[PDB]
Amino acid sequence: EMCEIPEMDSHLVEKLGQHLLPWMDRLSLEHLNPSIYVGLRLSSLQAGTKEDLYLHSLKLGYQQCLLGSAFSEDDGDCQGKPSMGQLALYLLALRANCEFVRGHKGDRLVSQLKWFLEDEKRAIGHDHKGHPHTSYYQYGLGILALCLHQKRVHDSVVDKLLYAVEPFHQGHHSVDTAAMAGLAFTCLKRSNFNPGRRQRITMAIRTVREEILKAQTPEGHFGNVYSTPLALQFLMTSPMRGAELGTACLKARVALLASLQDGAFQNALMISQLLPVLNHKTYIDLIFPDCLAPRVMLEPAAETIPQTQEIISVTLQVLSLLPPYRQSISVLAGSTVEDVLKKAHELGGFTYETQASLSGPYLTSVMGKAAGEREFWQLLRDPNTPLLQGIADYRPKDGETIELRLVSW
């Protein structure tokens, strides 16, 4: 069976797009997002000439920050950004404009990304006994981005991703990680790159297919609501012999419709991963894309119109510190977790740090403790339930407890 997602209501798709539109005007290095550009170009929607300026800004920032003087003529210090994973997404952005990475600037960017994979391959080891410094998600993304531009990686690079899905790897990969690996493998297979691994790549695609389908929840999502978009992108790209893939994907469409109606998709990166699916496209369409299909011009959404809000109380707790932190914080209803953290700081006795990411603000330090290697600050709500959204998107209710927990992964 094939994974197919019948067309959704035009007004629902156009609402998703309206959430992206404010980002088309946010061109600072901190806010530029190649995933947003890719998702819009793969969608049935467009943002007009704003898209041209957005891609130009991407080219200015990614090339100036990573090459030569290595700072932005306009914006100054790039602060160690973009990352290599972000560079891979920039390469997808180029395919979304029917461009190949090229010239002496592009050739050097390609080798930087290849060095990233080589460095991760060395971190993992011929042994497979080490860990990537970033993640297997980024490792797969880097392989995908190169493959889309017809750039080869060595069998020994691909082996680390193969091993991670084969029967001897340790630990458990999320649906999102498995999906991105599957997308990388699919590009290699379609391109007949790495024929010295022809069969292991074929087997790996099937394995990912099976593991994603086994992760389908009763509500129909693959893993969770925010894993379903990339899971569907992977599943749409190959048939699955002897399985009920078609009904599995229809069950996911139901779950997505419910989640969409419930307001689940407001994060720009998450929207950017979902819009291709709702246009029957995936990142694998960037091998030979049709970049000039008609797309509907988006219009601005109604202006917010802020209203009267009651005060609420949220308990913020950090038990990963000695002495522990626990305080009741009052904020306006509809405030985000980040707003709670700002108030806690303003009251005294609390501090934290964030860094920018394509998903928004990422919490990196709490009360002077910065997360170290393979650690992170996990966000949870009562009872012992990890959030599915970040500090700038989760809006807690009165009486809720938000916990920040130091976790090793």
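One-based numbering along the sequence shown.
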query: Segment of higher mean CA temperature factor, 386 to 394 or 7 to 15; finding: 7 to 15
query: Stretch with the greater mean C-alpha B-factor as recorded in the entry, comparing 374 to 382 against 344 to 352; finding: 344 to 352
query: Largest Cα B-factor, entry values, listed residues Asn224, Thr186, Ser72, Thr207; finding: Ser72
query: Residue selected from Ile329, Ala179, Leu269, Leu141 by maximal Cα B factor; finding: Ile329
query: Third of chain Cα B-factors occupied by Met203; finding: middle
query: Position of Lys214 among the chain's modelled residues by C-alpha B-factor, lowest, middle or highest third; finding: middle
query: Third of chain Cα B-factors occupied by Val407; finding: lowest
query: CA B-factor ranking of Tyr325, expressed as a third of its chain; finding: highest
query: Modelled-residue ranking by C-alpha temperature factor, third containing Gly48; finding: middle
